[PDB]
């Protein structure tokens, strides 16, 4: 089977910035890819639509996925599936966590190589189209992650 592709339409204080799409590496991390895919379509009855990027650190990453801390599709938190894929550069999609085996819905998009996270955060996808949109988002962050405008996922879903 072809790896899934999903998309986010990004808005800044309600004004459209464009569409970002992601390849999900289901061939290496099937359970982790399936969680993000289903949260993007809304098929379990909840997910990423309407949520914000709450933590943005320029030169590092954009983090989102906490909706009313977030939750996985497998009921609160699931195990680290593997560490096959590494944090190799801009556009890498990886799971946020609060220690071992604490994956939920929160995720981050890298804007640099973040090798110090290897073996602790599960990498599961990469930006395919719209990397410049992620770079534009990054400009609304700060040292501590606070955003100066409301950066939201206005819409989301599956393309393949």
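Positions refer to the first chain, counted from 1.
Asker: Please classify the coordinate gap between residue 68 and residue 69 in terms of deposited residues: none, 1 to 3, 4 to 9, or 10 or more.
Answerer: The entry has a gap there, with 4 to 9 residues left out between residue 68 and residue 69.
Asker: Per the PDB record, is the mean Cα temperature factor higher over 127-135 or over 45-53?
Answerer: According to the entry, 45-53 carries the higher average C-alpha B-factor.
Asker: Should the higher mean CA B-factor in the entry be assigned to 36-44 or to 109-117?
Answerer: Higher mean C-alpha B-factor in the PDB entry: 36-44.
Asker: Using the B-factor values recorded in the entry, state whether the Cα atom of residue 91 falls in the lowest, middle or highest third among the modelled residues of its chain.
Answerer: For residue 91, whose C-alpha B-factor we compare with every modelled residue in the chain, the answer is the lowest third.
Asker: Grab the CA temperature factor for residue 17 from the record and place it in the lowest, middle or highest third of its chain.
Answerer: For residue 17, the deposited C-alpha B-factor lands in the middle third.
Asker: Compare the C-alpha B factor of residue 83 with those of the other modelled residues in its chain, then answer lowest, middle or highest third.
Answerer: For residue 83, the deposited C-alpha B-factor lands in the lowest third.
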